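**Q** What follows is a single structure, and I will ask about it in a moment.
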Amino acid sequence: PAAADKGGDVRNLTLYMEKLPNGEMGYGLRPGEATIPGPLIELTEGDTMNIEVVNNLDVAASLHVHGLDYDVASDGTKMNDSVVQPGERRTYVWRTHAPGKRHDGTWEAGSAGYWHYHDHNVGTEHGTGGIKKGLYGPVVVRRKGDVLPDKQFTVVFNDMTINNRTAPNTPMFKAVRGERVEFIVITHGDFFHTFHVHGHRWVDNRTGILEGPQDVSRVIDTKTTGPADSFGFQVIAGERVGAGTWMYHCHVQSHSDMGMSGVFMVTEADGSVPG
Amino acid sequence: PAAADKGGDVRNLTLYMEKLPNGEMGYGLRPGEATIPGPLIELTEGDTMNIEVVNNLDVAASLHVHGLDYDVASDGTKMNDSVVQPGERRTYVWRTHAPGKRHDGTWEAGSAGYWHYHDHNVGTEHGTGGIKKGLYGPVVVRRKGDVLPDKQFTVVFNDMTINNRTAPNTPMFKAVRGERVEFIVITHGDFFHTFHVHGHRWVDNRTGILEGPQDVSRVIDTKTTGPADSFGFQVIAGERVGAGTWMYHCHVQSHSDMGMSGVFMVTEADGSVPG
Amino acid sequence: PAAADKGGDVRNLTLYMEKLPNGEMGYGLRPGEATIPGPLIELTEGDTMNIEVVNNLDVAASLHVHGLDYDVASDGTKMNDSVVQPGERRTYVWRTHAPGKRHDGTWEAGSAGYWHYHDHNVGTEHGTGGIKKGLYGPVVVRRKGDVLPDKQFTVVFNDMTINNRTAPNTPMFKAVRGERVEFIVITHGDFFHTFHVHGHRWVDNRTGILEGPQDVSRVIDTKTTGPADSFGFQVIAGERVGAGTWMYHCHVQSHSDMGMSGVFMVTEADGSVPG
Ligand SMILES: [Cu+2]
Ligand SMILES: [Cu+2]
Ligand SMILES: [Cu+2]
Ligand SMILES: [Cu+2]
Ligand SMILES: [Cu+2]
Ligand SMILES: [Cu+2]
Ligand SMILES: [Cu+2]
Ligand SMILES: [Cu+2]
Ligand SMILES: [Cu+2]
């Protein structure tokens, strides 16, 4: 299995905050290529990201990240003077660290995990407006040695939507049976959800993956998730269960009845799927 | 104490889906013996369950399970043609597995845990009407060597009820001080709850029991649980606290004031209780 | 840093239940010195607390505790005849224990953790009115050898407030960069929240501190919390991120927009802060 090498690179990135059709807003890697969710930023403990943010919106907006090391200047809040005016640009710096023992003999936990970034200034000083309209994206921080996936899918429960869509227009994630698949699950907005995926399960720990025989973590297939929670996991697609149309949905009954569901399509190597 | 043996047996079961008084629906081991919750199904990692489901309801209904290994033909969904017409029957198959190393050296987590089954077709294609009316039940999968209880009690928070009842008609669970009692807690429907039991506590891990001196798990007596969450634990009834009428309830205040509570009655050997 | 000694001491405390301005109620260490939250109670596994409760309210009221060992006489409920009439007093006893093996070879988990106490009789038999008006407070139980903090901050999400207040009147917690600070987070009432603090993160286990290399727990900066949930953690203030005005808030967007936020102000040694 492919595994993450040691971290420690300084990386540069540019994000464009752009208007999208029908009043939505998105981050993109190039102008006119903004998506909801925004691009996935992946790094390894020790890496630094210098992210230039270009605001092509009509109102001041920002970039706030969960979990990583940043100083108040990269807070993403008006309060700490960390927002971007229309037509301007600003650099936000994200640092990360490996686990280590402090001089006092206590353990500092590393940066690795499933995280996210989003706007903190549109609509309100908590970014309620920007989050609603699509300004959110995933961040994966690896630890050295972490197993890497073949595919990555991001599910954002944004109020009563999946990635701002409802069924049947929610994303379908396709993989081949046996592929290692990574899910990143983020919740935003005003409501609490339960993420459930048919035919698959994962370990309720940092990686979603059993670490070894002394791992006492619950194995689950449903997880409560509320605004700005983030978690992730990896499955072998179709393991023990075969190819097929596997629903992923919020299991709150009114929510799934109102369209908070989508398809995880696990196919055979030739692309066929039962049904 | 009694501990679960090595699994790997093929077991057969028949469930009947039956109308109950006042528009309710339950699963039963025999016609006319349907209960809410349905019968507890217990197996050990490696065991296979072949479950014949007889539908004596007036609408098509199904059986969907969390956590266990099943193919799309036992998905319990109309989408994968996995439902039972009124007056017909259909066999669903649940497989389970123990933990193990894959070829690529990674670890597959075992099936063991606190799980559940429910309808996925009555009312809506997510089972909203069937779940509402009582079509749900607990599943327990053991790992070999897991400690076994003397009693098992199932608590389902279904919307604003416990097992479709409200106080004072919610179930009283009875045990003698010192007995090993196992609780299985499932939530269904539209709302989020906090399960709490007076005078007792457990470990927030797979078994609810401390695995050993290495186990870093939180020790809790309250837990958030949302639609289709399932967990469970064992306590020694009355340990360190004595016999008594020990409340269990949802700790959301409006919910407890509206009848979401019941009694865990821990008696002396002679059946007496303080008060 | 400082580490907790072994427990096994018997401690005595008096709490006064007192009317507060504008219809609020609080627990206090002296008459006229009640606070919301009530005073923090800290002990070590094996310690016993004898708490004399003086009810100076106009209605019968009580003391109910999570997590610790108590018999039904200290249950705090009317049903177990465990309340205090106006103008009277009553002693509640809390015991605790260390982990250990029972005779049957199973592990009994210890009492250590982040816990809380509240009224269980004012307004309703579940203390709904007493909890609403301010009758709650934190409890910290240590394990022998636990790292001890320099400061303790208690955040109680009580319905749509923090310690019964909204911004700008929510508590400001101050510490110097490098100081070891402890947060205790408790939710009460009718709603679910997600606690988030900018610039800081912790380990989702008993202590909030990484135990060592084998600790598989999710490292997080956001956590769902519902009524009577309690957790806690320690951080090194400003670690990797510097001094600053670091927001803590519920991340439910309407809740934060409606005042569920406050300031964690990390200063330099001389009291200065950026901004
Ligand atoms: Cu914020
Ligand atoms: Cu939902
Ligand atoms: Cu955020
Ligand atoms: Cu489903
Ligand atoms: Cu509830
Ligand atoms: Cu389900
Ligand atoms: Cu209670
Ligand atoms: Cu909130
Ligand atoms: Cu309580």
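Note on naming: chains are A, B, ... as they come in the structure tokens, residues start from 1 per chain, ligands start from 1 in the order shown.
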Residues of region 14-116 of chain C classed as strand (DSSP E or B) by DSSP on the backbone are to be reported as a PyMOL selection string.
**A** chain C and resi 14-20+24-28+34-35+41-44+48-55+61+64-65+69+84+89-95+100-101+107-108+113-116
**Q** Within 12 Å of ligand 6, which residues show up when you count only C-alpha atoms and all ligand atoms? List them as a PyMOL selection string, please.
**A** (chain A and resi 194-199+220-223+247-253+256) or (chain B and resi 62-68+75-77+115-121+125-128+130-131+135-138+186-189+226-230)
**Q** List as number ranges by chain the protein and nucleic acid residues near residue 235 (chain A), meaning an atom at most 7 Å away when only C-alpha atoms are counted, but skip any in the same chain fewer than 2 places from it.
**A** A: 180-182, 202, 233, 237
**Q** For residue 145 (chain A), please output as a ChimeraX atom specification all residues within 7 Å (counting only C-alpha atoms; exclusion window: fewer than 3 positions along the same chain).
**A** /A:3-5
**Q** For chain A, which of B:153, B:92, B:191, B:27 is the closest residue, counting only C-alpha atoms?
**A**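 Nearest candidate to chain A out of B:153, B:92, B:191, B:27: B:191.
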**Q** Hey, which of B:37, B:80, B:205, B:240 ends up closest to ligand 4? Count only C-alpha atoms and all ligand atoms.
**A**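 Nearest to ligand 4: B:80.
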**Q** Region 84-229 of chain A: which residues are alpha helix (DSSP H) by DSSP, as a ChimeraX atom specification?
**A** /A:128-133
**Q** Please dump the current selection as a PDB file, in the first residue's frame; keep N, CA, C and O atoms.
**A**
ATOM      1  N   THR A 128     -21.846  32.872   8.051  1.00  0.00           N
ATOM      2  CA  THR A 128     -23.086  32.149   7.788  1.00  0.00           C
ATOM      3  C   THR A 128     -23.486  32.271   6.324  1.00  0.00           C
ATOM      4  O   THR A 128     -23.877  31.284   5.696  1.00  0.00           O
ATOM      5  N   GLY A 129     -23.364  33.475   5.759  1.00  0.00           N
ATOM      6  CA  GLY A 129     -23.739  33.670   4.370  1.00  0.00           C
ATOM      7  C   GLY A 129     -22.846  32.918   3.398  1.00  0.00           C
ATOM      8  O   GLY A 129     -23.333  32.281   2.462  1.00  0.00           O
ATOM      9  N   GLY A 130     -21.528  32.988   3.597  1.00  0.00           N
ATOM     10  CA  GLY A 130     -20.618  32.330   2.669  1.00  0.00           C
ATOM     11  C   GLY A 130     -20.689  30.818   2.751  1.00  0.00           C
ATOM     12  O   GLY A 130     -20.619  30.120   1.727  1.00  0.00           O
ATOM     13  N   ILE A 131     -20.801  30.286   3.969  1.00  0.00           N
ATOM     14  CA  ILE A 131     -20.937  28.850   4.155  1.00  0.00           C
ATOM     15  C   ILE A 131     -22.194  28.356   3.461  1.00  0.00           C
ATOM     16  O   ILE A 131     -22.180  27.345   2.750  1.00  0.00           O
ATOM     17  N   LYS A 132     -23.303  29.071   3.665  1.00  0.00           N
ATOM     18  CA  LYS A 132     -24.559  28.699   3.025  1.00  0.00           C
ATOM     19  C   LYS A 132     -24.403  28.607   1.507  1.00  0.00           C
ATOM     20  O   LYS A 132     -24.941  27.689   0.867  1.00  0.00           O
ATOM     21  N   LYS A 133     -23.634  29.521   0.917  1.00  0.00           N
ATOM     22  CA  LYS A 133     -23.575  29.644  -0.535  1.00  0.00           C
ATOM     23  C   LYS A 133     -22.508  28.772  -1.181  1.00  0.00           C
ATOM     24  O   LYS A 133     -22.487  28.674  -2.415  1.00  0.00           O
TER      25      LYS A 133
END
**Q** Here is a test: counting only C-alpha atoms, which residue of B:259, B:28, B:8, B:242 is nearest to chain C?
**A**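 Residue with the minimum atom-to-atom distance to chain C: B:242.
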**Q** Using only C-alpha atoms for the distances, tell me which of B:167, B:72, B:175, B:141 is nearest to residue 232 (chain B).
**A**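 The shortest atom-to-atom distance to residue 232 (chain B) comes from B:141.
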**Q** Taking into account only C-alpha atoms, which residue in the set B:85, B:234, B:74, B:267 is nearest to chain A?
**A**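 Comparing B:85, B:234, B:74, B:267 against chain A, the winner is B:74.
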**Q** In Å to one decimal, how far is CA of residue 70 (chain B) from CA of residue 50 (chain B)?
**A**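 Distance between the two atoms: 10.9 Å.
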**Q** Nearest to chain B among A:241, A:264, A:158, A:258, with distances taken over only C-alpha atoms: which residue is it?
**A**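 Looking only at the distances to chain B, the closest residue turns out to be A:241.
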